[PDB]
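Written below as structure tokens is the structure these notes are about.
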Amino acid sequence: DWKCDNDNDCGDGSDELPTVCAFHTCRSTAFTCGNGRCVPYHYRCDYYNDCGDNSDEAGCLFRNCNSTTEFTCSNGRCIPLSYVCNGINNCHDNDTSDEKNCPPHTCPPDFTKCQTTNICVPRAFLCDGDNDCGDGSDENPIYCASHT
Amino acid sequence: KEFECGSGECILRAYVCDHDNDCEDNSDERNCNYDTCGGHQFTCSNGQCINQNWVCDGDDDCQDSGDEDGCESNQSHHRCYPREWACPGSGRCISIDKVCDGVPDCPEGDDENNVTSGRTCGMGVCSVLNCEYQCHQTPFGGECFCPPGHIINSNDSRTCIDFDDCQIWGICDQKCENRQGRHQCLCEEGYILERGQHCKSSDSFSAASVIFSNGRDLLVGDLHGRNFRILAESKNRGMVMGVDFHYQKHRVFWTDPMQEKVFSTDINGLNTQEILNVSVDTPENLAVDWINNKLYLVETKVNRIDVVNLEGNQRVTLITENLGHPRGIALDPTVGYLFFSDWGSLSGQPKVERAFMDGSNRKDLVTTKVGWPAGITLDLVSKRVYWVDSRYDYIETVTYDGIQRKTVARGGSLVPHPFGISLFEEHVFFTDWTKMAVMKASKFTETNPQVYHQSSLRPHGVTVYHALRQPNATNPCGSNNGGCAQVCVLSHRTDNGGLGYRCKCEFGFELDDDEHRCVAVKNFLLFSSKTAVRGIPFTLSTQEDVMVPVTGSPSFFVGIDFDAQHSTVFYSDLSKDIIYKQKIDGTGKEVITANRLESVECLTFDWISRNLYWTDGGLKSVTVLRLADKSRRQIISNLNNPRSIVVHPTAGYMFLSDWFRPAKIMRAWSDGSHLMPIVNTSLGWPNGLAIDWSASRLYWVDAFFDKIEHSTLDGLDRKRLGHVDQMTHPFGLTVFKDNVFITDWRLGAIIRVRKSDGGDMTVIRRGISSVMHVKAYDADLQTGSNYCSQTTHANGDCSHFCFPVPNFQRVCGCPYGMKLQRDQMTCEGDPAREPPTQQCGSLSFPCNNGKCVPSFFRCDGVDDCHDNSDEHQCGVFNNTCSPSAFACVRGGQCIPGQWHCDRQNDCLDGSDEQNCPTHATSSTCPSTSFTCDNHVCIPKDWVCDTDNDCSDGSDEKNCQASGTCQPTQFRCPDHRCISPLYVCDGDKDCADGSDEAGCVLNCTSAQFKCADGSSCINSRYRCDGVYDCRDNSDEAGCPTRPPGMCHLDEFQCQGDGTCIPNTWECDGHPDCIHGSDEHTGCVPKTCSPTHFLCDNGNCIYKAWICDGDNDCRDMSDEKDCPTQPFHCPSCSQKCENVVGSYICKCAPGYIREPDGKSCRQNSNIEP
Amino acid sequence: XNXXX
Amino acid sequence: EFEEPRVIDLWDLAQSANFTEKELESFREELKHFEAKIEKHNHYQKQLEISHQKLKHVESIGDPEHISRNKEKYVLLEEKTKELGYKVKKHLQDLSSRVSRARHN
Ligand SMILES: *[C@@H]1O[C@H](CO)[C@@H](O[C@@H]2O[C@H](CO)[C@@H](O)[C@H](O[C@@H]3O[C@H](CO[C@H]4O[C@H](CO)[C@@H](O)[C@H](O)[C@@H]4O)[C@@H](O)[C@H](O[C@H]4O[C@H](CO)[C@@H](O)[C@H](O)[C@@H]4O)[C@@H]3O)[C@H]2NC(C)=O)[C@H](O)[C@H]1NC(C)=O
Ligand SMILES: *[C@@H]1O[C@H](CO)[C@@H](O[C@@H]2O[C@H](CO)[C@@H](O[C@@H]3O[C@H](CO[C@H]4O[C@H](CO)[C@@H](O)[C@H](O)[C@@H]4O)[C@@H](O)[C@H](O[C@H]4O[C@H](CO)[C@@H](O)[C@H](O)[C@@H]4O)[C@@H]3O)[C@H](O)[C@H]2NC(C)=O)[C@H](O)[C@H]1NC(C)=O
Ligand SMILES: *[C@@H]1O[C@H](CO)[C@@H](O[C@@H]2O[C@H](CO)[C@@H](O)[C@H](O)[C@H]2NC(C)=O)[C@H](O)[C@H]1NC(C)=O
Ligand SMILES: *[C@@H]1O[C@H](CO)[C@@H](O[C@@H]2O[C@H](CO)[C@@H](O)[C@H](O)[C@H]2NC(C)=O)[C@H](O)[C@H]1NC(C)=O
Ligand SMILES: *[C@@H]1O[C@H](CO)[C@@H](O)[C@H](O)[C@H]1NC(C)=O
Ligand SMILES: *[C@@H]1O[C@H](CO)[C@@H](O)[C@H](O)[C@H]1NC(C)=O
Ligand SMILES: *[C@@H]1O[C@H](CO)[C@@H](O)[C@H](O)[C@H]1NC(C)=O
Ligand SMILES: *[C@@H]1O[C@H](CO)[C@@H](O)[C@H](O)[C@H]1NC(C)=O
Ligand SMILES: *[C@H]1O[C@H](CO)[C@H](O)[C@H](O)[C@H]1NC(C)=O
Ligand SMILES: *[C@H]1O[C@H](CO)[C@H](O)[C@H](O)[C@H]1NC(C)=O
Ligand SMILES: *[C@H]1O[C@H](CO)[C@H](O)[C@H](O)[C@H]1NC(C)=O
Ligand SMILES: *[C@H]1O[C@H](CO)[C@H](O)[C@H](O)[C@H]1NC(C)=O
Ligand SMILES: [Ca+2]
Ligand SMILES: [Ca+2]
Ligand SMILES: [Ca+2]
Ligand SMILES: [Ca+2]
Ligand SMILES: [Ca+2]
Ligand SMILES: [Ca+2]
Ligand SMILES: [Ca+2]
Ligand SMILES: [Ca+2]
Ligand SMILES: [Ca+2]
Ligand SMILES: [Ca+2]
Ligand SMILES: [Ca+2]
Ligand SMILES: [Ca+2]
Ligand SMILES: [Ca+2]
Ligand SMILES: [Ca+2]
Ligand SMILES: [Ca+2]
Ligand SMILES: [Ca+2]
């Protein structure tokens, strides 16, 4: 089932190459992307890009929430004003809109922000595969391996 | 402490104020004033209150016997007031002036000379036995006269002694009062006393007039009938049935059951509008509530009494339970009572009964010797109710409480067949179907009614238009609409704690506990039958319908479902082959589909995806249609006899039943794919299906084995409910809360049982004709969602159809002639695989409705599409009327051939009745029959039976009271002559009962006699499982199944111990749970080489293999060669001798245990 | 039988 | 909340009937009235018994005037007691039949 769904489920990409998706059809219970990839239908309009083109979330209608406790980020969402600018990505968007709303803020080192994003994380959650940042240094193009 | 009587006893204080003289000096009841008795209670002469049902029950309850004061009629007893005398041997009473006037007076003729008694007109021994007053010349012996106010004292024969003249029936018109022995006939306001005995309307009112139906038309005439005038002609071949009026609105209302409408007009006849025109199929009668401006209507297609505003708004039903055949109606808003007659209830009894104007507190006003009560009117000033009987041929009267029963006419020579009745001043007016005339008679007593108007048609519905006929009174609902949310209906003046009104609400709503506010209905029992589609409450107490009963004229309803969001119900009229939808309130009838419907047996609605499924018994297929765009497709094609179907929107399944011999219950995805049997063992006729939404369990019911079963949606965990007492052919069922409601064909009823076990059978409805599917309407049930109805993306992103699928998924579908493209969500047209089609073949005419009818039916004069298109714009030079019709010759109208020369002008140009010849010739009524004046022939014995069998009154013409009949006829005493065929036929026909009295009911051939001698019944009704005799003697002693055994013709399943017919053994289908019925001992059947051998084990011609027909009844003759042309025609008990491991069965009466090695005794009894 | 009338 | 066995039985059965709440309340009041009637009946039966004890003493004494007076009292009292008894029986029949009818319908 995992064939042609923008996910390298086989590691080598054999299940995600376009050469097989030229003849594969999505399951009757699956949503089909504009490009042709196949996605489980619960991913249709669930605030995540899954089709690559984000065509699984094109044309959807989302409820605009109350000004009391909502921050609406680019894909459309509703999370508390308290939740933004903190250590947890609540507006999971394309581009870190949950904490990117605080560009010049300060988190001290050893509790360091993710480089150019005010999400505050310790010195070593890097080169490990956990999505510890939606920007900059999640796997750190300069330093890693605890560096002593 | 306690109250002390003059006797010296400290009497309990509770014995004061109790109507009972509890000590010798009566001081306990000397002072205390008591509370009044309400409308539902009867005032005794001492002011004591008793229940209304205690009146005329046969027991003295007021200790004055005032509640039994003459409940029986014709109680002459030779007493019959002074100044009168009775003819011996009959009891008939005649006044003194008429006796020896020279002509016989009583039917005996004892009032004149006769040699048997040796009596001659003359003054006898009274010359010696003189009284204080005049003696008289009675032939039997001198009696003597009495002055007013005095009877002749029976002890004396000489002294007249006081009584009251004011109580004599007919002494004064209206109220009377006696002044020291002198009676004064006071008249109520608005009346002028004349002649010292009669009261006439004051000229303050605009004279008076009589409005009546002569048959077709509504006429009006003066009281001294000389100036009759047509008030309204019946359009479109209608007939005016029942009439009433509103004086202060200048309005006259009438009903029309041939056109199925209710109309209104002014007395000038100008402003005409139709009041009601939906669900009024048979408006038998009508009544106007002038105080509250509401119209009370009687309906008889679905027996109910409806109350509606004038101009036809705010419909609400008052009385439905046990209504049988309701005919007459009348009301007195000044007091709050509603009277209506019934010539036979669902319980059998015909009766005249009373209720509050809101329908509460019903009471049998008159029940003895009632017969066929046909009309009711009220004497408002005297507080008496008048009603007529068309079977025992009388006009009687009782008070509002049913005390003073007096008869004003009696016998077939006077009132052979009264239908309507109206009252004014000194006279009473009534139609008669046998005399074909509107009759006029004295309100008190009379012997020869004068003809007021003579008609050639049967007349109905007399009423008298006057102001004093509708007295003024205050309206409790007149302020703030009584404070009710929707409707305010009057009641008795003492009802509702003295407020005198009760709040109700229109259809689709029910009252809040606030009892003035009302909210929407949440749930009710939707059921379908041949007559109508109805909705009743689940509670058995408040039986009145909660939705407008759906009805059609040729209709035959089977399938039902509902859409609670729009408050609509879907149904299929199997007589029309059309599927409709209609709102709860009765409006909004629309056609869902009418094309390619052969016989729709069941309906189900997916309320989340908005899809409508139905099973077709004629097409042997199930179709799904989306209401949003009217697209449809057949999703299962080659069933055998699909009957029921249910869809589970959240689980994504559907379940349908096929009752062909290898009966099975199948499950499929809501798409219609993945079709598979899930129950195919121990099934015969699985008529109904249901789903227990709380527990997610499928329920079905058998009509062959008569059992209710339920299981999980996979068919596992199968269980069987206990025996239901009289259930023997259950058709449909539904599950609501913890109960199961089932319709039974043989019972003709709806029964309710617990869903946990066998339950306690409760008969919700009974005697309900050709009953059909039952469904539980439920607004709460239809709340939910799936991937087909998410708010963010509509319809599951599918193009036309989206179907729920198990494991919380969706599958798209396409209409006919269209395929799912690469996307699997968008439909593209594919005429190659599924070519587009026309409405129907070349041999027939497609309507403008989607239905198709034969070309012979076009322009035949009768609407055959039910959306009139075969008669629309016919008769043009080039569009001929069908040769079964007649064209109105100036052009543009094609009437049926049956309407030509039928004494009624249907054509716009009257050509249908123009130039009609004479057709009598030698009509040759045979010598075995009587010939009517209209040249019809009827059996000779129907002459003088007080019935217009000739349809012109001829067979009852010249029917004087002769005292003889035809020699073949039986004579009812003083009533009529009757055919001997009705004598001892089963029910009563003569008033005295002689025709059905004393005779013995010795049964005919093929009939069974009940143990009590109640009646005879067919032998087919003996030993059936249903109680037919009143003593249950038809099912007593019937053969039973021996303990744990099966009958000698029933094979026993070794897996559970149930029984199947012996022919089901060795048939190739495992009917038992473990297949005990297909053991190795059953030989195979080998097919002669001229036939193919089906997968089901049957023989079919070699030529019919893959010929395009389900000849094997499982498509095996097709699916064995789908290669098709691509061109055109142009050992505990027993042991056996198996080859391998032993398969030892057990003996009968035992259950083979799951090990397959041992068995257990199956009987309840102990070893 | 079981047919609908 | 009832004191006589018959009214307790009738209430217990009428609980399971198809009564409207309004009719249930009216039936409750009716059972209270019926209870008052039966209490009157048993009270006057016990009064009849005490008058019978006086009558037994008088008849043992044998005084003709005492016998006549006690007869005047006793026969009339027995008449009245029977009058109440038949009313109680009829009311019981009515209520029981109505409850039984309202249990099946
Ligand atoms: C009456 O109703 C019953 C169901 O109550 C039907 O029986 C079922 O028929 C179905 C055919 O569509 C089957 O799903 C099912 O039979 C098999 O299920 C097997 C599952 O495997 C396990 O269970 C079997 C039980 O026999 C066991 O033997 C095995 O070792 C496993 O533990 C499948 O393997 C099996 O496949 C076989 O048949 C298919 C074709 O159907 C072939 O393609 C395969 O090669 C293989 O030979 C099969 O699916 C049935 N279940 C039962 C209860 O037997 C009847 O068909 C209905 N009859 C009628 C007259 O309506
Ligand atoms: C119930 O209660 C209502 C009042 O609430 C009574 O209605 C009255 O009825 C009488 C007749 O019985 C009416 O009296 C007549 O009125 C005529 C004029 O009526 C017009 O104007 C009134 C308003 O004033 C309108 O309502 C009505 O529609 C008309 O437009 C007069 O012309 C009459 O007089 C003529 O005839 C009389 C003889 O009948 C002669 O003596 C006169 O010389 C003249 O020729 C007459 O006066 C009265 O108007 C009505 N009241 C109202 C306010 O409308 C019902 O009668 C009553 N019903 C019962 C049974 O109790
Ligand atoms: C029943 O009565 C109403 C009139 O009260 C009819 O309603 C009309 O229906 C037609 C369509 O059939 C509309 O074009 C009219 O505008 C409606 N008029 C009103 C006042 O709403 C209705 O058709 C009648 N039906 C029958 C069966 O006679
Ligand atoms: C033959 O009969 C038909 C049915 O009356 C007539 O059909 C007409 O067709 C036109 C469209 O071409 C419609 O607009 C009209 O409503 C139809 N009816 C009539 C009476 O005109 C047809 O006209 C008839 N033949 C002729 C030549 O009149
Ligand atoms: C909050 O939401 C509600 C709807 O649930 C809305 O009616 C209300 O206006 C909102 N509050 C404010 C502050 O607008
Ligand atoms: C969404 O995602 C990609 C990064 O993964 C980014 O390059 C692209 O511009 C984004 N689109 C928007 C408008 O955020
Ligand atoms: C007639 O006789 C009976 C019996 O003697 C008596 O009770 C009744 O009072 C008498 N009638 C009159 C009016 O005296
Ligand atoms: C019924 O009874 C009568 C005698 O009472 C007899 O003459 C008649 O023939 C019987 N009829 C039938 C049909 O059994
Ligand atoms: C024509 O018939 C086919 C079946 O042969 C389908 O029912 C189709 O929907 C029909 N269409 C019309 C317009 O009648
Ligand atoms: C009408 O007259 C015709 C002859 O023109 C026949 O005689 C027919 O029998 C007559 N019928 C009547 C009732 O007069
Ligand atoms: C009809 O039958 C009667 C009775 O037998 C007469 O024979 C009459 O002459 C018949 N007339 C016709 C036309 O058949
Ligand atoms: C019913 O009939 C069977 C024979 O068919 C036996 O007599 C059995 O004992 C009977 N059952 C009852 C309960 O009488
Ligand atoms: Ca993949
Ligand atoms: Ca997504
Ligand atoms: Ca955050
Ligand atoms: Ca990381
Ligand atoms: Ca008292
Ligand atoms: Ca009584
Ligand atoms: Ca005479
Ligand atoms: Ca009659
Ligand atoms: Ca049966
Ligand atoms: Ca036609
Ligand atoms: Ca005609
Ligand atoms: Ca007749
Ligand atoms: Ca009879
Ligand atoms: Ca029977
Ligand atoms: Ca079998
Ligand atoms: Ca075939």
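Within each chain, counting starts at residue 1; across the structure tokens, chains are named A, B, ... in the order shown, with ligands numbered 1 upward in that order.
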Discussion item. Can you work out which residues are within 9 Å of ligand 7, considering only C-alpha atoms and all ligand atoms, and then hand them over as a ChimeraX atom specification?
Written reply: /B:153-156,161-162
Worksheet item: Any idea which chain D residues end up within 7 Å of chain B if we count only C-alpha atoms, as a count of residues only please?
Response: 3
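Distance check against residue A:123 using only C-alpha atoms: of A:37, A:92, A:24, A:147, the minimum falls on A:147.
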Discussion item. Counting only C-alpha atoms, which residue out of A:52, A:104, A:34, A:40 sits closest to residue B:809?
Written reply: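 For residue B:809, the nearest of the given residues is A:40.
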Worksheet item: atom CA of residue B:757 and atom CA of residue B:1166 are how many Å apart?
Response: 24.5 Å
Fill in: Residue contacts of residue D:41 (10 Å, only C-alpha atoms) excluding same-chain residues fewer than 4 positions away, as a list in words
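The contact residues come out as residues 35, 36, 37, 45, 46, 47, 80, 81, 82, 83, 84, 85, 86, 87 and 88 of chain D.
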Worksheet entry | Non-local contacts of residue B:1068 (10 Å; only C-alpha atoms; under 2 positions in same chain excluded) as a PyMOL selection string | chain B and resi 662+1064-1066+1070-1071+1075+1077-1079+1082-1085+1095-1098
Worksheet item: Hey, which residues come within 6 Å of ligand 8 if we count only C-alpha atoms and all ligand atoms? Could you give them as a PyMOL selection string?
Response: chain B and resi 1002-1004
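Proximity to chain B at a cut-off of 9 Å picks out residues 2, 4 and 5 of chain C on chain C, counting only C-alpha atoms.
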Write out the residues from the selection above, keeping N, CA, C and O atoms, as an mmCIF file, in the first residue's frame.
data_model
loop_
_atom_site.group_PDB
_atom_site.id
_atom_site.type_symbol
_atom_site.label_atom_id
_atom_site.label_comp_id
_atom_site.auth_asym_id
_atom_site.auth_seq_id
_atom_site.Cartn_x
_atom_site.Cartn_y
_atom_site.Cartn_z
ATOM 1 N N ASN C 2 -45.675 -16.208 0.261
ATOM 2 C CA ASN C 2 -45.007 -15.044 0.820
ATOM 3 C C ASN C 2 -45.058 -13.834 -0.102
ATOM 4 O O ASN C 2 -44.517 -12.782 0.251
ATOM 5 N N UNK C 4 -46.323 -10.487 -2.060
ATOM 6 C CA UNK C 4 -47.007 -9.306 -1.545
ATOM 7 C C UNK C 4 -48.332 -9.132 -2.276
ATOM 8 O O UNK C 4 -48.412 -8.383 -3.254
ATOM 9 N N UNK C 5 -49.367 -9.817 -1.792
ATOM 10 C CA UNK C 5 -50.730 -9.721 -2.321
ATOM 11 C C UNK C 5 -50.790 -9.731 -3.846
ATOM 12 O O UNK C 5 -50.945 -8.683 -4.473
#
Worksheet item: Mind listing the residues within 8 Å of ligand 11, only C-alpha atoms and all ligand atoms counted, as a list in words?
Response: residues 922, 923, 924, 925, 926 and 927 of chain B
Practice prompt. Would you mind listing the residues within 6 Å of ligand 4, counting only C-alpha atoms and all ligand atoms, as a VMD selection string?
Written response: chain B and resid 876 878 to 879
Could you save the residues just selected, with C-alpha atoms, as an mmCIF file, in the first residue's frame?
data_model
loop_
_atom_site.group_PDB
_atom_site.id
_atom_site.type_symbol
_atom_site.label_atom_id
_atom_site.label_comp_id
_atom_site.auth_asym_id
_atom_site.auth_seq_id
_atom_site.Cartn_x
_atom_site.Cartn_y
_atom_site.Cartn_z
ATOM 1 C CA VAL B 876 -56.198 18.110 -31.750
ATOM 2 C CA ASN B 878 -53.573 15.118 -35.427
ATOM 3 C CA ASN B 879 -53.584 13.844 -31.784
#
Practice prompt. For ligand 16, collect every residue having any atom at a distance of at most 12 Å from a ligand atom (counting only C-alpha atoms and all ligand atoms); output as an MDAnalysis selection string.
Written response: chainID A and resid 114 121:141 144:145
At a cut-off of 12 Å, using only C-alpha atoms, what residues contact residue A:84? Leave out same-chain residues fewer than 2 positions from it and give the result as a short mmCIF file (atom, residue, chain, number, x, y, z; two decimals) with N, CA, C and O atoms, in the first residue's frame.
data_model
loop_
_atom_site.label_atom_id
_atom_site.label_comp_id
_atom_site.auth_asym_id
_atom_site.auth_seq_id
_atom_site.Cartn_x
_atom_site.Cartn_y
_atom_site.Cartn_z
N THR A 69 -8.29 33.20 21.69
CA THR A 69 -7.11 32.35 21.85
C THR A 69 -6.70 31.63 20.56
O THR A 69 -6.43 30.43 20.60
N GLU A 70 -6.66 32.33 19.43
CA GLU A 70 -6.28 31.67 18.18
C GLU A 70 -5.17 32.43 17.48
O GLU A 70 -5.20 33.66 17.41
N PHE A 71 -4.19 31.69 16.97
CA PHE A 71 -3.22 32.19 16.01
C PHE A 71 -3.31 31.35 14.75
O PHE A 71 -3.05 30.15 14.78
N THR A 72 -3.68 31.99 13.64
CA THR A 72 -3.88 31.29 12.37
C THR A 72 -2.64 31.48 11.51
O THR A 72 -2.34 32.56 11.00
N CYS A 73 -1.91 30.38 11.35
CA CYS A 73 -0.71 30.31 10.54
C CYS A 73 -1.07 29.93 9.10
O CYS A 73 -2.24 29.70 8.77
N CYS A 78 -5.59 26.72 14.41
CA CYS A 78 -6.11 27.45 15.56
C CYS A 78 -5.38 26.97 16.80
O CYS A 78 -5.66 25.87 17.30
N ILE A 79 -4.44 27.77 17.30
CA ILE A 79 -3.68 27.44 18.51
C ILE A 79 -3.60 28.68 19.40
O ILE A 79 -3.68 29.81 18.92
N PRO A 80 -3.46 28.47 20.71
CA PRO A 80 -3.53 29.61 21.64
C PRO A 80 -2.41 30.62 21.44
O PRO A 80 -1.30 30.27 21.04
N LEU A 81 -2.72 31.88 21.73
CA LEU A 81 -1.70 32.92 21.72
C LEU A 81 -0.59 32.64 22.73
O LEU A 81 0.54 33.08 22.55
N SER A 82 -0.91 31.93 23.82
CA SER A 82 0.12 31.57 24.78
C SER A 82 1.07 30.53 24.20
O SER A 82 2.26 30.51 24.54
N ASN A 86 7.14 29.71 22.11
CA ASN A 86 7.60 28.85 23.19
C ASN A 86 8.38 27.67 22.62
O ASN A 86 8.71 27.66 21.42
N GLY A 87 8.69 26.68 23.46
CA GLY A 87 9.52 25.57 23.05
C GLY A 87 8.85 24.48 22.24
O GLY A 87 9.53 23.55 21.80
N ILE A 88 7.54 24.57 22.01
CA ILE A 88 6.80 23.53 21.29
C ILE A 88 6.16 24.15 20.06
O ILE A 88 5.49 25.19 20.15
N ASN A 89 6.38 23.52 18.91
CA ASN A 89 5.82 23.97 17.64
C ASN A 89 4.33 23.64 17.57
O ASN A 89 3.96 22.48 17.33
N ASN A 90 3.48 24.64 17.78
CA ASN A 90 2.04 24.40 17.83
C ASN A 90 1.38 24.66 16.47
O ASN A 90 0.61 23.83 15.98
N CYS A 91 1.66 25.81 15.86
CA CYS A 91 1.48 25.94 14.41
C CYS A 91 2.54 25.22 13.61
O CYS A 91 3.52 25.83 13.15
N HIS A 92 2.37 23.90 13.46
CA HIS A 92 3.14 23.13 12.50
C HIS A 92 2.68 23.55 11.10
O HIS A 92 1.57 23.22 10.67
N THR A 96 7.56 27.05 10.25
CA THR A 96 7.78 27.35 11.66
C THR A 96 7.04 28.60 12.13
O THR A 96 7.54 29.30 13.01
N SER A 97 5.86 28.88 11.57
CA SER A 97 5.17 30.12 11.89
C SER A 97 4.79 30.21 13.36
O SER A 97 4.50 31.31 13.85
N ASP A 98 4.79 29.09 14.08
CA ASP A 98 4.44 29.12 15.49
C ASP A 98 5.44 29.93 16.30
O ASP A 98 5.04 30.74 17.15
N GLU A 99 6.73 29.75 16.05
CA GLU A 99 7.76 30.49 16.76
C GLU A 99 8.51 31.50 15.90
O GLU A 99 9.24 32.32 16.45
N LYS A 100 8.36 31.44 14.57
CA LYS A 100 8.99 32.44 13.72
C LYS A 100 8.37 33.82 13.93
O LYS A 100 8.97 34.83 13.54
N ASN A 101 7.20 33.89 14.56
CA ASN A 101 6.61 35.16 14.94
C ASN A 101 7.44 35.91 15.98
O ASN A 101 7.06 37.03 16.35
N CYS A 102 8.54 35.33 16.45
CA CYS A 102 9.48 35.98 17.37
C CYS A 102 10.88 35.90 16.77
O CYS A 102 11.70 35.09 17.22
N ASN A 118 13.20 31.03 17.17
CA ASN A 118 13.12 31.10 18.63
C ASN A 118 12.33 29.92 19.20
O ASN A 118 11.32 30.07 19.90
N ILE A 119 12.81 28.71 18.91
CA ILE A 119 12.39 27.50 19.60
C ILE A 119 13.61 27.02 20.37
O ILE A 119 14.70 26.88 19.81
#
Fill in: Residues within 6 Å of ligand 13, counting only C-alpha atoms and all ligand atoms, as a PyMOL selection string
chain A and resi 2-9+15-16
Worksheet item: Using only C-alpha atoms and all ligand atoms, what are the residues with an atom within 8 Å of ligand 17, set out as a ChimeraX atom specification?
Response: /B:14-23,26-29
Quick one: write out the picked residues with C-alpha atoms as an mmCIF file, in the first residue's frame?
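Once written, again12.cif looks like this:
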data_model
loop_
_atom_site.group_PDB
_atom_site.id
_atom_site.type_symbol
_atom_site.label_atom_id
_atom_site.label_comp_id
_atom_site.auth_asym_id
_atom_site.auth_seq_id
_atom_site.Cartn_x
_atom_site.Cartn_y
_atom_site.Cartn_z
ATOM 1 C CA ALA B 14 -64.953 13.144 57.772
ATOM 2 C CA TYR B 15 -68.622 12.097 57.787
ATOM 3 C CA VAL B 16 -69.617 15.750 57.489
ATOM 4 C CA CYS B 17 -69.856 17.059 53.910
ATOM 5 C CA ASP B 18 -70.343 13.640 52.309
ATOM 6 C CA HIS B 19 -73.933 13.607 50.928
ATOM 7 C CA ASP B 20 -74.820 10.835 53.402
ATOM 8 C CA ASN B 21 -77.147 11.360 56.376
ATOM 9 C CA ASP B 22 -74.891 9.664 58.906
ATOM 10 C CA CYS B 23 -77.015 10.276 62.018
ATOM 11 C CA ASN B 26 -79.276 14.585 59.322
ATOM 12 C CA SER B 27 -77.313 17.512 60.785
ATOM 13 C CA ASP B 28 -74.078 16.293 59.178
ATOM 14 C CA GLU B 29 -75.512 17.163 55.743
#
At a cut-off of 8 Å, list the chain B residues touching chain A, using only C-alpha atoms, as a compact mmCIF listing (two decimals) with N, CA, C and O atoms, in the first residue's frame.
# COMPACT_ATOMS: atom_id res chain seq x y z
N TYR B 787 -16.35 9.78 6.35
CA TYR B 787 -15.54 10.45 5.34
C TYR B 787 -16.34 10.88 4.12
O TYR B 787 -15.76 11.44 3.18
N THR B 791 -17.19 18.29 7.00
CA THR B 791 -17.56 19.67 6.73
C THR B 791 -16.55 20.39 5.84
O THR B 791 -16.92 21.35 5.16
N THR B 792 -15.30 19.96 5.84
CA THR B 792 -14.24 20.69 5.16
C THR B 792 -14.15 20.38 3.67
O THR B 792 -13.75 21.25 2.90
N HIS B 793 -14.53 19.17 3.25
CA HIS B 793 -14.53 18.82 1.84
C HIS B 793 -15.76 17.97 1.56
O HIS B 793 -15.95 16.93 2.19
N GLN B 809 -13.83 4.23 5.84
CA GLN B 809 -13.29 4.69 4.57
C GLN B 809 -14.44 5.01 3.63
O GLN B 809 -15.61 4.87 3.97
N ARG B 810 -14.08 5.47 2.43
CA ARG B 810 -15.05 5.88 1.43
C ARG B 810 -14.64 5.34 0.07
O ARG B 810 -13.46 5.11 -0.19
N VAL B 811 -15.63 5.13 -0.79
CA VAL B 811 -15.42 4.66 -2.16
C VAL B 811 -16.34 5.45 -3.07
O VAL B 811 -17.54 5.58 -2.80
N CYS B 812 -15.79 5.98 -4.16
CA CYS B 812 -16.58 6.78 -5.08
C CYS B 812 -17.33 5.88 -6.06
O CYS B 812 -16.94 4.75 -6.35
N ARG B 822 -9.01 7.89 -14.23
CA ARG B 822 -7.76 7.57 -13.56
C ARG B 822 -7.76 8.02 -12.10
O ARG B 822 -7.25 7.30 -11.23
N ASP B 823 -8.33 9.19 -11.84
CA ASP B 823 -8.33 9.77 -10.51
C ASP B 823 -9.06 8.91 -9.48
O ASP B 823 -8.76 9.03 -8.29
N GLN B 824 -9.97 8.04 -9.91
CA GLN B 824 -10.85 7.24 -9.07
C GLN B 824 -11.88 8.09 -8.33
O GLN B 824 -12.56 7.58 -7.44
